[PDB]
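# Experimental coordinates follow, after the sequence.
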Amino acid sequence: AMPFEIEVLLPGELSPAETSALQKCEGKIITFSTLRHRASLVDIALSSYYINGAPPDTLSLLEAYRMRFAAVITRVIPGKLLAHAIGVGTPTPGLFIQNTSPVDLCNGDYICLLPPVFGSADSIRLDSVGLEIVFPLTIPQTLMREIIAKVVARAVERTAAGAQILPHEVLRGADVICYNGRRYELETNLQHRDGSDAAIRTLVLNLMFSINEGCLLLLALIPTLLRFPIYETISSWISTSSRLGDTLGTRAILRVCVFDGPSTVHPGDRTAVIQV
Amino acid sequence: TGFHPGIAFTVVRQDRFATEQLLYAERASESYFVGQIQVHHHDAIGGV
Amino acid sequence: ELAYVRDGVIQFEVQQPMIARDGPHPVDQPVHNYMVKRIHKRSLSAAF
Amino acid sequence: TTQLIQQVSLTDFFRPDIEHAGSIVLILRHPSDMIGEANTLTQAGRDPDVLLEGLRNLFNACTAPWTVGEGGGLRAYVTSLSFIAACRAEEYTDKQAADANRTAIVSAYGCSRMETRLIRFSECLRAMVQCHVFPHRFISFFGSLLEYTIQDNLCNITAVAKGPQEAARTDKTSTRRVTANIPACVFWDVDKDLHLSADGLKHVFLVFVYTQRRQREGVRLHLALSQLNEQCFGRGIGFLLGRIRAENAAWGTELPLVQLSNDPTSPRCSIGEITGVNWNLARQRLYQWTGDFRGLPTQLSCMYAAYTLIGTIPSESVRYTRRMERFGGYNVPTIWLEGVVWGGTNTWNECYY
């Protein structure tokens, strides 16, 4: 059996700065809607994710990283890009991956993609063709739930404006993610109060309208626990919750195996992986 | 303030010097067996 | 044609041996160094 | 073929020159990550510092107490199943095999603060449960021991991470192959208990079992060998652990809306009627509903088990052997699986219902 190699033929007229930029953006992960042996530069680009003629939000990106096929960028030559598939059964022998995430990957972790939920994303702009490319994050499977539950909660207290909850509290502070013996502060020593919430608010809305209806259908069914069709509501709650939960509960796609080298993969560092 | 509290101390510190060693060995002062070369391969970042 | 050259460059390529070992270190691999240099440009003059 | 993985570590909770080849090896997450999760997940009115003290006391007599901080690079990475079993050698039903294994590993090891090392690790594991920092988040399957090399206090380990166990070739003393094995106490075949016992493929699970009453926490982990798949194994565990479930559900945590809408006479305010002046005189016109969901059973207060899938045994009939064979100075009963094919994805499933 042979690998699945993809050949992205780069156009000319790319600035000599953008070629050197792409020369470093290998090991990163890209996705295609359909898997073919010869792709183009517009299938990788952010313009592929435009859902309703508009750029995607975090919810649409979570829904997209499921229905697309991942691929790792191997060697890049001055003419083209070469990328190997991941999910389909392939013998991809070299298959290194660089860490694009503000944590450290320990030898043995499992890796799963996550859209850039916090702060900014590392995107390479190709202004010569008029399209950019964003790369997903590679975070360990153990934090894949704490990270999202901590970026979605925090965005609900900021919605609690209007004296609904005390905005004067400093008792609870510094929502951090401790991993591998390092503390990653989440406020990022600045204020991204705007720009980040506006790109996550649809996920927050779909979770508010689904947790709020769970603790009310139960109370309507059993009033002693502590014209309005009830069975239609029982149906439309499970149908929405079970269809929103699988989008969030993702599974791993790589694993960090390391011989002859260091056991920790720092942020912005290369390492070898195998296919789950 | 410069007051002697009737007590005295004995200081102790340990330093380190780089030397040049001079070794002598007798004839056939060691037996030595050599086995057989064996090769193993395992993928890495970029290749085998 | 010295006055037609932008910059002339000579290259180097050296190799280095290695020693096999055992213990806590990782196994070694051969290194390869590639270098480049560039010629200067000077001048002389005399007049009568 | 197989897939080998290699990792350097200290030798505190693992001595590869003593454990049998083919033994199941576990990995440990950094200790300084438990403090963060204990500072937030702890229930109210329960000190989150018992874990911190039981942690700073474990590592105070384990190795060099300096360089237990953040960026040292060397750390007690790995443990064996035998160590984590003997530290809790009073919670298994077979007291004979449990105590045999425990007295084997207390004497065969360094014996220099080794009894204290076993006691304080157990104290730390206990304290991890009252702070709701469950051990299954910080311990996970690494591989089956295949090949090692050691120095003074420093070890380097090679293990089988994925693929048939008997395909890995080593330089074991007698023969160049090795099969998996485990202590007899941690063994738990669910099919004999559930009266399924059929002949067919099996799975190999790694199940933790928590038991949390106030100041009476008890943690043990087994190696399950079942016919039930990953989804339908929690039912089989809940039916065998019917006592701990009910004990944890109670001793662990220590509106007519459909009727008011059926008549337009009840007080109400349509959505277009919510404006500035309507604010103060809205939360009193409607129906009052006091109370709170504080002090109720949650998922972390009723949890009693958590298990992963780590491999399968695809034979016509699983042939496992229970023989007594020594860890050198002491005899200890082990169990010799045959033909396991390691898997993974390290996906833990919690059981609370």
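Ah, there it is. Residues are numbered from 1 along each chain as shown, chains lettered A, B, ... in the order given.
# Just confirm residue C:14 is within a strand.
Yes - for residue C:14, which was evaluated using DSSP: H, G, I helix; E, B strand; the rest coil, the result is membership in a strand.
# beta partners of it?
Here residue C:14 shows beta-bridge partners residue C:33, assigned using DSSP bridges.
# ok, it - how many residues close by?
Each residue near residue C:14 was counted by other C-beta atoms under 10 Å in any protein chain shown, and the total is 9. From N, CA and C alone the C-beta is placed, and that goes for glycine too.
# of all of chain B, which residue lies closest to chain A?
Among the residues of chain B, residue B:45 lies nearest to chain A; the distance is 4.2 Å by C-beta to the nearest C-beta.
# Tell me the backbone dihedrals of the closest residue to that residue other than its chain neighbours, please.
Distances taken as C-beta to C-beta, 6 or more residues apart in numbering or on different chains place residue A:96 nearest to residue B:45, at 4.2 Å, with adjacent residues excluded. Note on residue A:96: its backbone torsions stand at phi -90, psi 160 [degrees, to the nearest 10].
# So residue A:96 is in contact with residue A:269, correct?
No - in this structure, residue A:96 is not within contact of residue A:269 by C-beta atoms under 8 Å, at 10.6 Å.
# quick one on the thing from earlier: distance of the residue of chain B closest to chain A from residue A:135?
Remark: distance between residue B:45 and residue A:135 (C-beta to C-beta, to the nearest Å) = 18 Å.
# ok, those two, which is more surrounded?
Set side by side, residue B:45 and residue A:135 show more neighbours around residue A:135, with 20 against 17, by other C-beta under 10 Å.
# Give the bridge partners for residue A:8, please.
Note on residue A:8: beta-bridge partners by DSSP bridges are residue A:39, residue A:81.
# now residue D:321
Bridge pairing for residue D:321 (DSSP bridges) gives the partners residue D:336.
# what's it in contact with, if anything?
D:335, D:336, D:338 (C-beta atoms under 8 Å, 6 or more residues apart in numbering or on different chains).
# The chain: helices as residue ranges?
Using chain A. Ranges of helices within chain A are A:16-24, A:41-44, A:58-67, A:146-157, A:201-211, A:214-221, A:230-248, based on DSSP state H.
# Can you look at chain D instead?
Using DSSP H, helices in chain D cover D:32-41, D:50-58, D:81-86, D:95-108, D:114-130, D:190-194, D:233-240, D:242-251, D:257-260.
# ok, residue D:148 to chain A distance?
Residue D:148 sits at a distance of 15 Å from chain A (criterion: C-beta to the nearest C-beta, to the nearest Å).
# from chain C, which residue is nearest to chain D?
residue C:24 (6.1 Å).
# Compute the number of surrounding residues for that residue.
Here the neighbour count serves as a burial measure; for residue C:24 (other C-beta under 10 Å) it reads 10.
# now do residue D:276
Other residues within reach of residue D:276 by the criterion other C-beta under 10 Å amount to 6.
# tell me the contacts of the most centrally placed residue in chain C?
Among the residues of chain C, residue C:35 comes closest to the average C-alpha position under C-alpha atoms, centre = their mean, at 3.1 Å. Applying C-beta under 8 Å, 6+ apart, we find residue C:35 in contact with C:11, C:12, C:13, C:14.
# and if you look at residue A:221?
A:230, A:234.
# re earlier: now the residue nearest to residue B:45, which residues is it bridged with?
Listed by DSSP bridges, the beta-bridge partners for residue A:96 are residue A:272.
# And residue D:218, by the same measure?
Beta-bridge partners recorded for residue D:218 (DSSP bridges): residue D:211.
# That one touches residue D:125, doesn't it?
No - using C-beta under 8 Å as the test, residue D:218 is too far from residue D:125 to be in contact (9.4 Å).
# just to revisit the earlier point, make TSV out of the helices of chain D and add mean neighbour count and distance to chain C.
Listed next are these as TSV, based on neighbours: other C-beta atoms under 10 Å in any protein chain shown; distance: least, C-beta to the nearest C-beta, whole Å:
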stretch	mean neighbour count	distance to chain C
helix D:32-41	18	25
helix D:50-58	18	26
helix D:81-86	23	23
helix D:95-108	19	25
helix D:114-130	19	24
helix D:190-194	16	43
helix D:233-240	17	41
helix D:242-251	15	45
helix D:257-260	14	67
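# partner residues bridging the residue of the stretch 151-276 of chain A found nearest chain D?
In the stretch 151-276 of chain A, the residue found nearest to chain D is residue A:178; the distance is 3.6 Å by C-beta to the nearest C-beta. Bridge pairing for residue A:178 (DSSP bridges) gives the partners residue A:183.
# In stretch A:27-34, which residues are buried?
Taking 16 or more other C-beta atoms under 10 Å in any protein chain shown as the basis for neighbour counts, the residues of stretch A:27-34 that come out buried are A:27, A:28, A:29, A:30, A:31, A:32.
# so how far is chain B from the fifth one?
When distance is defined by C-beta to the nearest C-beta, residue A:31 is 23 Å away from chain B.
# Ok, the second one next?
The spacing between residue A:28 and chain B, counted by C-beta to the nearest C-beta, is 14 Å.
# What parts of chain A come near chain B?
A:93, A:94, A:95, A:96, A:259, A:260, A:261, A:270, A:271, A:272 (C-beta under 8 Å from any C-beta of the partner chain).
# hang on, the earlier thing: with distance to chain B added, can I get the helices of chain D in TSV?
What follows is the helices of chain D, written out as TSV (distance: least, C-beta to the nearest C-beta, whole Å):
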stretch	distance to chain B
helix D:32-41	27
helix D:50-58	30
helix D:81-86	26
helix D:95-108	30
helix D:114-130	31
helix D:190-194	36
helix D:233-240	34
helix D:242-251	44
helix D:257-260	60
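# quick one, which of those helices is nearest to residue A:200?
When the helices of chain D are ranked by proximity to residue A:200, the top entry is helix D:32-41, at 21.3 Å, counting by C-beta to C-beta.
# Looking at chain B, which residue is nearest chain D?
For chain B, the residue closest to chain D is residue B:42, as judged by C-beta to the nearest C-beta, at 6.4 Å.
# so that residue makes contact with residue A:258?
No - shown here, residue B:42 and residue A:258 do not form a contact pair, counting by C-beta under 8 Å, at 10.3 Å.
# Looking at these two, which has the bigger crowd around it?
residue A:258 (21 against 14).
# What number of residues are in the vicinity of the nearest residue to that one once chain neighbours are set aside?
Spatial nearest neighbour of residue A:258, excluding adjacent residues (C-beta to C-beta, 6+ apart): residue A:107 at 4.4 Å. The tally of other residues near residue A:107 (other C-beta under 10 Å) stands at 22.
# Hmm, residue D:302 is touching residue D:249, no?
Yes - between residue D:302 and residue D:249 there is a contact under C-beta under 8 Å: 4.6 Å.
# who touches the residue of the stretch 151-276 of chain A closest to chain D in this structure?
With contacts defined as C-beta under 8 Å, 6+ apart, residue A:178 is in contact with A:184, D:32, D:33, D:35, D:36, D:37.
# coming back round to it: can you classify the residue of chain B closest to chain D as helix, strand or coil?
Applying three-state DSSP to residue B:42 yields a three-state assignment of coil.
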